[PDB]
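Everything below belongs to protein16.pdb, which stores PDB, C-alpha atoms and all ligand atoms.
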ATOM      1  CA  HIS A   1      21.019  92.245  69.157  1.00  0.00           C
ATOM      2  CA  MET A   2      19.730  95.160  67.112  1.00  0.00           C
ATOM      3  CA  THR A   3      18.747  98.747  67.806  1.00  0.00           C
ATOM      4  CA  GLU A   4      15.370  99.772  66.443  1.00  0.00           C
ATOM      5  CA  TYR A   5      14.991 103.124  64.690  1.00  0.00           C
ATOM      6  CA  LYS A   6      11.427 104.189  63.879  1.00  0.00           C
ATOM      7  CA  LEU A   7      11.276 106.294  60.712  1.00  0.00           C
ATOM      8  CA  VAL A   8       8.314 107.903  58.949  1.00  0.00           C
ATOM      9  CA  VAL A   9       8.319 108.930  55.272  1.00  0.00           C
ATOM     10  CA  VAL A  10       5.939 111.855  54.595  1.00  0.00           C
ATOM     11  CA  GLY A  11       5.193 114.278  51.791  1.00  0.00           C
ATOM     12  CA  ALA A  12       2.775 114.838  48.923  1.00  0.00           C
ATOM     13  CA  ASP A  13       1.547 111.824  47.063  1.00  0.00           C
ATOM     14  CA  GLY A  14       3.469 111.296  43.833  1.00  0.00           C
ATOM     15  CA  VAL A  15       6.887 112.462  45.051  1.00  0.00           C
ATOM     16  CA  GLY A  16       8.424 108.984  45.419  1.00  0.00           C
ATOM     17  CA  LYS A  17       7.870 108.086  49.103  1.00  0.00           C
ATOM     18  CA  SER A  18       7.124 104.493  48.144  1.00  0.00           C
ATOM     19  CA  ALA A  19       9.791 104.282  45.442  1.00  0.00           C
ATOM     20  CA  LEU A  20      12.438 105.505  47.871  1.00  0.00           C
ATOM     21  CA  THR A  21      11.428 103.004  50.543  1.00  0.00           C
ATOM     22  CA  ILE A  22      11.324 100.177  48.021  1.00  0.00           C
ATOM     23  CA  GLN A  23      14.743 101.105  46.668  1.00  0.00           C
ATOM     24  CA  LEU A  24      16.135 101.027  50.212  1.00  0.00           C
ATOM     25  CA  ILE A  25      14.465  97.696  51.071  1.00  0.00           C
ATOM     26  CA  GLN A  26      14.631  95.826  47.761  1.00  0.00           C
ATOM     27  CA  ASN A  27      17.272  97.548  45.579  1.00  0.00           C
ATOM     28  CA  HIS A  28      14.802  98.041  42.715  1.00  0.00           C
ATOM     29  CA  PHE A  29      12.942 100.975  41.174  1.00  0.00           C
ATOM     30  CA  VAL A  30       9.172 100.543  40.947  1.00  0.00           C
ATOM     31  CA  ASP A  31       7.458 102.832  38.492  1.00  0.00           C
ATOM     32  CA  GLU A  32       3.769 102.267  39.326  1.00  0.00           C
ATOM     33  CA  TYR A  33       3.396 101.484  43.033  1.00  0.00           C
ATOM     34  CA  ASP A  34      -0.221 101.739  44.164  1.00  0.00           C
ATOM     35  CA  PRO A  35      -0.569 105.325  45.490  1.00  0.00           C
ATOM     36  CA  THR A  36      -2.882 104.166  48.296  1.00  0.00           C
ATOM     37  CA  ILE A  37      -0.810 101.363  49.878  1.00  0.00           C
ATOM     38  CA  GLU A  38       0.477 102.402  53.307  1.00  0.00           C
ATOM     39  CA  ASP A  39       2.475  99.948  55.353  1.00  0.00           C
ATOM     40  CA  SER A  40       5.528  99.529  57.525  1.00  0.00           C
ATOM     41  CA  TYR A  41       8.721  97.802  56.530  1.00  0.00           C
ATOM     42  CA  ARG A  42      11.799  96.512  58.292  1.00  0.00           C
ATOM     43  CA  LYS A  43      15.422  96.507  57.231  1.00  0.00           C
ATOM     44  CA  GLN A  44      18.442  95.170  59.086  1.00  0.00           C
ATOM     45  CA  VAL A  45      21.502  97.266  58.263  1.00  0.00           C
ATOM     46  CA  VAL A  46      24.821  98.103  59.889  1.00  0.00           C
ATOM     47  CA  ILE A  47      25.227 101.886  60.170  1.00  0.00           C
ATOM     48  CA  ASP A  48      28.514 103.143  61.636  1.00  0.00           C
ATOM     49  CA  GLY A  49      29.156  99.783  63.251  1.00  0.00           C
ATOM     50  CA  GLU A  50      25.717  99.508  64.881  1.00  0.00           C
ATOM     51  CA  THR A  51      23.342  96.764  63.773  1.00  0.00           C
ATOM     52  CA  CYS A  52      20.067  98.624  63.226  1.00  0.00           C
ATOM     53  CA  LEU A  53      16.554  97.347  62.559  1.00  0.00           C
ATOM     54  CA  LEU A  54      14.847 100.202  60.757  1.00  0.00           C
ATOM     55  CA  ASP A  55      11.069 100.326  61.210  1.00  0.00           C
ATOM     56  CA  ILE A  56       9.787 102.500  58.356  1.00  0.00           C
ATOM     57  CA  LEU A  57       6.234 103.712  57.716  1.00  0.00           C
ATOM     58  CA  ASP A  58       5.609 104.730  54.090  1.00  0.00           C
ATOM     59  CA  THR A  59       2.615 107.069  54.396  1.00  0.00           C
ATOM     60  CA  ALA A  60      -0.035 107.349  51.688  1.00  0.00           C
ATOM     61  CA  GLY A  61      -2.863 109.850  51.280  1.00  0.00           C
ATOM     62  CA  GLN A  62      -4.642 112.071  53.779  1.00  0.00           C
ATOM     63  CA  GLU A  63      -7.705 109.959  54.458  1.00  0.00           C
ATOM     64  CA  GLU A  64      -8.625 109.273  58.080  1.00  0.00           C
ATOM     65  CA  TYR A  65      -5.423 107.934  59.597  1.00  0.00           C
ATOM     66  CA  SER A  66      -5.229 104.342  60.741  1.00  0.00           C
ATOM     67  CA  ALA A  67      -4.268 103.637  64.327  1.00  0.00           C
ATOM     68  CA  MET A  68      -0.891 102.553  62.921  1.00  0.00           C
ATOM     69  CA  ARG A  69      -0.218 105.854  61.136  1.00  0.00           C
ATOM     70  CA  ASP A  70      -1.290 107.790  64.219  1.00  0.00           C
ATOM     71  CA  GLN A  71       1.010 105.545  66.278  1.00  0.00           C
ATOM     72  CA  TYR A  72       3.985 106.139  63.966  1.00  0.00           C
ATOM     73  CA  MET A  73       3.491 109.911  64.010  1.00  0.00           C
ATOM     74  CA  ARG A  74       3.321 109.896  67.812  1.00  0.00           C
ATOM     75  CA  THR A  75       6.222 107.491  68.456  1.00  0.00           C
ATOM     76  CA  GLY A  76       8.250 107.959  65.277  1.00  0.00           C
ATOM     77  CA  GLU A  77      11.820 109.002  66.014  1.00  0.00           C
ATOM     78  CA  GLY A  78      12.683 110.702  62.711  1.00  0.00           C
ATOM     79  CA  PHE A  79      10.968 111.878  59.555  1.00  0.00           C
ATOM     80  CA  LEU A  80      11.932 111.969  55.908  1.00  0.00           C
ATOM     81  CA  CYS A  81      10.043 114.949  54.436  1.00  0.00           C
ATOM     82  CA  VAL A  82      10.026 114.305  50.705  1.00  0.00           C
ATOM     83  CA  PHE A  83       9.333 116.576  47.762  1.00  0.00           C
ATOM     84  CA  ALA A  84      10.205 116.005  44.101  1.00  0.00           C
ATOM     85  CA  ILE A  85      12.583 118.390  42.336  1.00  0.00           C
ATOM     86  CA  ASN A  86      10.205 118.548  39.345  1.00  0.00           C
ATOM     87  CA  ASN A  87       7.120 119.251  41.503  1.00  0.00           C
ATOM     88  CA  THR A  88       7.016 122.803  42.791  1.00  0.00           C
ATOM     89  CA  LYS A  89       3.742 122.258  44.656  1.00  0.00           C
ATOM     90  CA  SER A  90       5.229 119.310  46.557  1.00  0.00           C
ATOM     91  CA  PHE A  91       8.106 121.565  47.697  1.00  0.00           C
ATOM     92  CA  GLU A  92       5.706 124.353  48.713  1.00  0.00           C
ATOM     93  CA  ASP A  93       3.721 121.838  50.733  1.00  0.00           C
ATOM     94  CA  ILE A  94       6.741 120.774  52.825  1.00  0.00           C
ATOM     95  CA  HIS A  95       5.755 123.584  55.230  1.00  0.00           C
ATOM     96  CA  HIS A  96       2.539 121.729  56.055  1.00  0.00           C
ATOM     97  CA  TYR A  97       4.357 118.446  56.689  1.00  0.00           C
ATOM     98  CA  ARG A  98       6.830 120.204  58.974  1.00  0.00           C
ATOM     99  CA  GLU A  99       3.998 121.968  60.813  1.00  0.00           C
ATOM    100  CA  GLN A 100       2.239 118.616  61.331  1.00  0.00           C
ATOM    101  CA  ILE A 101       5.398 117.056  62.771  1.00  0.00           C
ATOM    102  CA  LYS A 102       5.993 120.008  65.091  1.00  0.00           C
ATOM    103  CA  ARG A 103       2.400 119.734  66.357  1.00  0.00           C
ATOM    104  CA  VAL A 104       2.541 115.975  66.871  1.00  0.00           C
ATOM    105  CA  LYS A 105       5.814 116.326  68.810  1.00  0.00           C
ATOM    106  CA  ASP A 106       5.091 119.734  70.437  1.00  0.00           C
ATOM    107  CA  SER A 107       8.628 120.646  69.387  1.00  0.00           C
ATOM    108  CA  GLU A 108      10.747 122.508  66.848  1.00  0.00           C
ATOM    109  CA  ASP A 109      13.626 120.052  67.436  1.00  0.00           C
ATOM    110  CA  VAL A 110      12.579 116.814  65.739  1.00  0.00           C
ATOM    111  CA  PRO A 111      14.970 114.576  63.765  1.00  0.00           C
ATOM    112  CA  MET A 112      14.164 115.272  60.132  1.00  0.00           C
ATOM    113  CA  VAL A 113      15.764 115.277  56.698  1.00  0.00           C
ATOM    114  CA  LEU A 114      14.475 117.260  53.713  1.00  0.00           C
ATOM    115  CA  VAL A 115      14.616 114.998  50.646  1.00  0.00           C
ATOM    116  CA  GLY A 116      14.413 116.272  47.070  1.00  0.00           C
ATOM    117  CA  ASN A 117      13.610 113.170  45.034  1.00  0.00           C
ATOM    118  CA  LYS A 118      13.591 112.436  41.297  1.00  0.00           C
ATOM    119  CA  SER A 119      17.037 113.937  40.803  1.00  0.00           C
ATOM    120  CA  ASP A 120      17.477 111.898  37.628  1.00  0.00           C
ATOM    121  CA  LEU A 121      14.701 113.759  35.788  1.00  0.00           C
ATOM    122  CA  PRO A 122      15.561 116.731  33.569  1.00  0.00           C
ATOM    123  CA  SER A 123      12.529 118.955  34.436  1.00  0.00           C
ATOM    124  CA  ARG A 124      13.964 120.576  37.559  1.00  0.00           C
ATOM    125  CA  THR A 125      11.672 123.278  38.899  1.00  0.00           C
ATOM    126  CA  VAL A 126      12.997 123.399  42.489  1.00  0.00           C
ATOM    127  CA  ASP A 127      16.587 124.680  42.557  1.00  0.00           C
ATOM    128  CA  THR A 128      19.040 123.196  45.018  1.00  0.00           C
ATOM    129  CA  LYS A 129      19.413 126.670  46.556  1.00  0.00           C
ATOM    130  CA  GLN A 130      15.678 126.887  47.248  1.00  0.00           C
ATOM    131  CA  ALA A 131      15.822 123.574  49.088  1.00  0.00           C
ATOM    132  CA  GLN A 132      19.004 124.610  50.906  1.00  0.00           C
ATOM    133  CA  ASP A 133      17.298 127.824  52.051  1.00  0.00           C
ATOM    134  CA  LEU A 134      14.330 125.835  53.380  1.00  0.00           C
ATOM    135  CA  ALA A 135      16.455 123.246  55.177  1.00  0.00           C
ATOM    136  CA  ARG A 136      18.662 125.961  56.703  1.00  0.00           C
ATOM    137  CA  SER A 137      15.561 127.694  58.066  1.00  0.00           C
ATOM    138  CA  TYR A 138      14.432 124.435  59.704  1.00  0.00           C
ATOM    139  CA  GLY A 139      17.910 123.473  60.909  1.00  0.00           C
ATOM    140  CA  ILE A 140      17.839 120.114  59.096  1.00  0.00           C
ATOM    141  CA  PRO A 141      19.869 118.428  56.362  1.00  0.00           C
ATOM    142  CA  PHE A 142      18.844 118.518  52.707  1.00  0.00           C
ATOM    143  CA  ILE A 143      19.682 115.537  50.472  1.00  0.00           C
ATOM    144  CA  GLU A 144      18.725 114.976  46.836  1.00  0.00           C
ATOM    145  CA  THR A 145      17.777 111.433  45.839  1.00  0.00           C
ATOM    146  CA  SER A 146      16.771 109.338  42.869  1.00  0.00           C
ATOM    147  CA  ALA A 147      14.716 106.237  43.615  1.00  0.00           C
ATOM    148  CA  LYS A 148      15.383 105.301  39.986  1.00  0.00           C
ATOM    149  CA  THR A 149      19.199 105.320  40.046  1.00  0.00           C
ATOM    150  CA  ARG A 150      19.535 104.882  43.843  1.00  0.00           C
ATOM    151  CA  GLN A 151      21.631 108.072  44.081  1.00  0.00           C
ATOM    152  CA  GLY A 152      21.401 109.472  47.585  1.00  0.00           C
ATOM    153  CA  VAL A 153      18.902 106.884  48.863  1.00  0.00           C
ATOM    154  CA  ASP A 154      21.078 105.213  51.475  1.00  0.00           C
ATOM    155  CA  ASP A 155      22.464 108.657  52.330  1.00  0.00           C
ATOM    156  CA  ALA A 156      18.998 110.015  53.131  1.00  0.00           C
ATOM    157  CA  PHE A 157      18.004 107.140  55.431  1.00  0.00           C
ATOM    158  CA  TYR A 158      21.409 106.855  57.118  1.00  0.00           C
ATOM    159  CA  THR A 159      21.524 110.615  57.663  1.00  0.00           C
ATOM    160  CA  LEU A 160      18.094 110.408  59.327  1.00  0.00           C
ATOM    161  CA  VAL A 161      19.428 107.679  61.641  1.00  0.00           C
ATOM    162  CA  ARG A 162      22.400 109.900  62.480  1.00  0.00           C
ATOM    163  CA  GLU A 163      20.052 112.833  63.151  1.00  0.00           C
ATOM    164  CA  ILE A 164      18.100 110.658  65.595  1.00  0.00           C
ATOM    165  CA  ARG A 165      21.338 109.789  67.409  1.00  0.00           C
ATOM    166  CA  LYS A 166      22.206 113.504  67.584  1.00  0.00           C
ATOM    167  CA  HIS A 167      18.867 114.069  69.334  1.00  0.00           C
ATOM    168  CA  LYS A 168      18.778 111.115  71.742  1.00  0.00           C
ATOM    169  CA  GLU A 169      20.806 108.209  73.079  1.00  0.00           C
ATOM    170  CA  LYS A 170      19.924 105.010  71.183  1.00  0.00           C
TER
HETATM  171  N1  LIG A 201      12.159 109.211  37.324  1.00  0.00           N
HETATM  172  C1  LIG A 201      11.817 109.004  38.595  1.00  0.00           C
HETATM  173  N2  LIG A 201      10.550 108.632  38.860  1.00  0.00           N
HETATM  174  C2  LIG A 201      10.250 108.411  40.164  1.00  0.00           C
HETATM  175  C3  LIG A 201      11.214 108.547  41.268  1.00  0.00           C
HETATM  176  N3  LIG A 201      10.585 108.242  42.433  1.00  0.00           N
HETATM  177  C4  LIG A 201       9.313 107.948  42.100  1.00  0.00           C
HETATM  178  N4  LIG A 201       9.137 108.032  40.766  1.00  0.00           N
HETATM  179  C5  LIG A 201       7.883 107.810  40.033  1.00  0.00           C
HETATM  180  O1  LIG A 201       6.945 108.778  40.509  1.00  0.00           O
HETATM  181  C6  LIG A 201       5.653 108.181  40.636  1.00  0.00           C
HETATM  182  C7  LIG A 201       5.206 108.212  42.084  1.00  0.00           C
HETATM  183  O2  LIG A 201       6.065 107.395  42.882  1.00  0.00           O
HETATM  184  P1  LIG A 201       5.555 106.767  44.259  1.00  0.00           P
HETATM  185  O3  LIG A 201       6.731 106.136  44.926  1.00  0.00           O
HETATM  186  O4  LIG A 201       4.309 105.963  44.014  1.00  0.00           O
HETATM  187  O5  LIG A 201       5.139 108.106  45.032  1.00  0.00           O
HETATM  188  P2  LIG A 201       4.400 108.324  46.461  1.00  0.00           P
HETATM  189  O6  LIG A 201       2.956 108.695  46.150  1.00  0.00           O
HETATM  190  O7  LIG A 201       5.193 109.480  47.028  1.00  0.00           O
HETATM  191  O8  LIG A 201       4.536 107.041  47.218  1.00  0.00           O
HETATM  192  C8  LIG A 201       5.798 106.755  40.120  1.00  0.00           C
HETATM  193  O9  LIG A 201       5.412 106.753  38.750  1.00  0.00           O
HETATM  194  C9  LIG A 201       7.269 106.461  40.297  1.00  0.00           C
HETATM  195  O10 LIG A 201       7.816 105.579  39.342  1.00  0.00           O
HETATM  196  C10 LIG A 201      12.559 108.961  40.882  1.00  0.00           C
HETATM  197  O11 LIG A 201      13.475 109.133  41.721  1.00  0.00           O
HETATM  198  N5  LIG A 201      12.759 109.160  39.570  1.00  0.00           N
HETATM  199 MG    MG A 202       3.216 105.674  47.992  1.00  0.00          MG
END

Produce structure tokens that represent the structure in this file.
Amino acid sequence: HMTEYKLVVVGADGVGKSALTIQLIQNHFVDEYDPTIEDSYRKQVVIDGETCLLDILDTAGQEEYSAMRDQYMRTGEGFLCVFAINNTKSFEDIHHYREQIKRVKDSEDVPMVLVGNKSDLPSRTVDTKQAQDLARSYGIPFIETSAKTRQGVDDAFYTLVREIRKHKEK
């Protein structure tokens, strides 16, 4: 039997939340995924010898949350907080995503990974050292990813699983 891990992917629209999830699930890069589609996905994967069933919500927009999105924020075990390395505003807005998670959990100790996506693109406006400074302040890992090439994608999700295990018995 399989251990469930409930993961939530958050961040500004346009950063690659959906592309990252689709790369993890389907091993393909999608270049035009509807920016409004929000849904949950499953993936069976062995991580460090444990058969895991990941339960992943790919969040979209900031319209009135569905009961499902509210449920995933409340009961989610770990969060991928995504910005794009060519989107300075998305990096600046990570603060707000962190603050939301801390409020929902009433805690500063929540399993989380800072993800800098679109690492394949040449227009880098967020330096790795800026992201490292932010992640160090929050006490969380920082991983750069490309949903296009798959670089870092498994790393980001597996690291989030490992961060959940560091926080609680699973
Ligand atoms: N080059 C490149 N484009 C990406 C990457 N991730 C997402 N995109 C593109 O960025 C746009 C937004 O991606 P999407 O996954 O819909 O973003 P979301 O709003 O965060 O779900 C789309 O045109 C994607 O093809 C990436 O790693 N590299
Ligand atoms: Mg999306």

Cut-off 8 Å around (13.4, 125.4, 40.2) with only C-alpha atoms: residues as a VMD selection string: chain A and resid 85 to 86 88 124 to 128 130

Residue with smallest distance to ligand LIG 201 (chain A) - pool A:46, A:20, A:25, A:164, counting only C-alpha atoms and all ligand atoms: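 Comparing A:46, A:20, A:25, A:164 against ligand LIG 201 (chain A), the winner is A:20.
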
Mind dumping a table of every chain A residue within 9 Å of ligand LIG 201 (chain A), with the nearest atom pair and its distance in Å to one decimal, using all atoms listed in the file, sorted by chain and rising number, as JSON lines?
{"residue": "A:9", "atom": "CA", "partner": "A:LIG201", "partner_atom": "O7", "distance": 8.8}
{"residue": "A:10", "atom": "CA", "partner": "A:LIG201", "partner_atom": "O7", "distance": 8.0}
{"residue": "A:11", "atom": "CA", "partner": "A:LIG201", "partner_atom": "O7", "distance": 6.8}
{"residue": "A:12", "atom": "CA", "partner": "A:LIG201", "partner_atom": "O7", "distance": 6.2}
{"residue": "A:13", "atom": "CA", "partner": "A:LIG201", "partner_atom": "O6", "distance": 3.6}
{"residue": "A:14", "atom": "CA", "partner": "A:LIG201", "partner_atom": "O6", "distance": 3.5}
{"residue": "A:15", "atom": "CA", "partner": "A:LIG201", "partner_atom": "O7", "distance": 4.0}
{"residue": "A:16", "atom": "CA", "partner": "A:LIG201", "partner_atom": "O3", "distance": 3.3}
{"residue": "A:17", "atom": "CA", "partner": "A:LIG201", "partner_atom": "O7", "distance": 3.7}
{"residue": "A:18", "atom": "CA", "partner": "A:LIG201", "partner_atom": "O3", "distance": 3.6}
{"residue": "A:19", "atom": "CA", "partner": "A:LIG201", "partner_atom": "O3", "distance": 3.6}
{"residue": "A:20", "atom": "CA", "partner": "A:LIG201", "partner_atom": "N3", "distance": 6.4}
{"residue": "A:21", "atom": "CA", "partner": "A:LIG201", "partner_atom": "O3", "distance": 8.0}
{"residue": "A:22", "atom": "CA", "partner": "A:LIG201", "partner_atom": "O3", "distance": 8.1}
{"residue": "A:29", "atom": "CA", "partner": "A:LIG201", "partner_atom": "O10", "distance": 7.1}
{"residue": "A:30", "atom": "CA", "partner": "A:LIG201", "partner_atom": "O10", "distance": 5.5}
{"residue": "A:31", "atom": "CA", "partner": "A:LIG201", "partner_atom": "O10", "distance": 2.9}
{"residue": "A:32", "atom": "CA", "partner": "A:LIG201", "partner_atom": "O9", "distance": 4.8}
{"residue": "A:33", "atom": "CA", "partner": "A:LIG201", "partner_atom": "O4", "distance": 4.7}
{"residue": "A:34", "atom": "CA", "partner": "A:LIG201", "partner_atom": "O4", "distance": 6.2}
{"residue": "A:35", "atom": "CA", "partner": "A:LIG201", "partner_atom": "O6", "distance": 4.9}
{"residue": "A:36", "atom": "CA", "partner": "A:LIG201", "partner_atom": "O6", "distance": 7.7}
{"residue": "A:37", "atom": "CA", "partner": "A:LIG201", "partner_atom": "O8", "distance": 8.2}
{"residue": "A:38", "atom": "CA", "partner": "A:LIG201", "partner_atom": "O8", "distance": 8.7}
{"residue": "A:58", "atom": "CA", "partner": "A:LIG201", "partner_atom": "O8", "distance": 7.3}
{"residue": "A:59", "atom": "CA", "partner": "A:LIG201", "partner_atom": "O8", "distance": 7.4}
{"residue": "A:60", "atom": "CA", "partner": "A:LIG201", "partner_atom": "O8", "distance": 6.4}
{"residue": "A:61", "atom": "CA", "partner": "A:LIG201", "partner_atom": "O6", "distance": 7.8}
{"residue": "A:82", "atom": "CA", "partner": "A:LIG201", "partner_atom": "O7", "distance": 7.8}
{"residue": "A:83", "atom": "CA", "partner": "A:LIG201", "partner_atom": "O7", "distance": 8.2}
{"residue": "A:84", "atom": "CA", "partner": "A:LIG201", "partner_atom": "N3", "distance": 7.9}
{"residue": "A:116", "atom": "CA", "partner": "A:LIG201", "partner_atom": "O11", "distance": 9.0}
{"residue": "A:117", "atom": "CA", "partner": "A:LIG201", "partner_atom": "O11", "distance": 5.2}
{"residue": "A:118", "atom": "CA", "partner": "A:LIG201", "partner_atom": "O11", "distance": 3.3}
{"residue": "A:119", "atom": "CA", "partner": "A:LIG201", "partner_atom": "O11", "distance": 6.1}
{"residue": "A:120", "atom": "CA", "partner": "A:LIG201", "partner_atom": "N5", "distance": 5.8}
{"residue": "A:121", "atom": "CA", "partner": "A:LIG201", "partner_atom": "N1", "distance": 5.4}
{"residue": "A:145", "atom": "CA", "partner": "A:LIG201", "partner_atom": "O11", "distance": 6.4}
{"residue": "A:146", "atom": "CA", "partner": "A:LIG201", "partner_atom": "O11", "distance": 3.5}
{"residue": "A:147", "atom": "CA", "partner": "A:LIG201", "partner_atom": "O11", "distance": 3.7}
{"residue": "A:148", "atom": "CA", "partner": "A:LIG201", "partner_atom": "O11", "distance": 4.6}
{"residue": "A:149", "atom": "CA", "partner": "A:LIG201", "partner_atom": "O11", "distance": 7.1}
{"residue": "A:150", "atom": "CA", "partner": "A:LIG201", "partner_atom": "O11", "distance": 7.7}
{"residue": "A:151", "atom": "CA", "partner": "A:LIG201", "partner_atom": "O11", "distance": 8.6}

Between CA of residue 4 in chain A and CA of residue 63 in chain A, distance in Å (one decimal): 27.9 Å

12 Å contact set for residue 137 in chain A, all atoms listed in the file, chain neighbours under 6 positions out, as number ranges by chain: A: 95, 98, 108, 114, 130-131

Residue IDs satisfying the PyMOL selection byres (((chain A and resi 73) around 12) and not hetatm), as a ChimeraX atom specification: /A:6-10,56-59,65-72,74-80,97-98,100-106,110

Answer key for the PyMOL selection byres (((chain A and resi 159) around 10) and not hetatm), residues as a VMD selection string: chain A and resid 47 80 111 to 113 141 to 143 153 to 158 160 to 165

May I have the centre and edge lengths, in Å to one decimal, of an axis-aligned box around the listed atoms of range 8-12 of chain A with 6 Å added to every side, as AutoDock Vina command-line options?
--center_x 5.5 --center_y 111.4 --center_z 53.9 --size_x 17.5 --size_y 18.9 --size_z 22.0

Two-atom distance - CA of residue 64 in chain A, CA of residue 138 in chain A (Å): 27.6 Å

d(CA of residue 52 in chain A, CA of residue 81 in chain A) in Å: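 Computing the Euclidean distance for CA of residue 52 in chain A and CA of residue 81 in chain A yields 21.1 Å.
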
Shortest interatomic distance to ligand MG 202 (chain A) - which of A:62, A:42, A:49, A:26, counting all atoms listed in the file: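 Between A:62, A:42, A:49, A:26, the residue approaching ligand MG 202 (chain A) most closely is A:62.
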
Distance criterion (only C-alpha atoms): nearest to residue 92 in chain A out of A:140, A:129, A:5, A:134: A:134

Distance criterion (only C-alpha atoms and all ligand atoms): nearest to ligand MG 202 (chain A) out of A:51, A:40, A:123, A:87: A:40

Of the listed residues A:132, A:39, A:28, A:152, that which approaches ligand MG 202 (chain A) most closely, counting only C-alpha atoms and all ligand atoms: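 Looking at the shortest contact to ligand MG 202 (chain A), the residue is A:39.
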
Nearest residue to residue 133 in chain A from the set A:50, A:27, A:2, A:91 (distances using only C-alpha atoms):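 Nearest to residue 133 in chain A: A:91.
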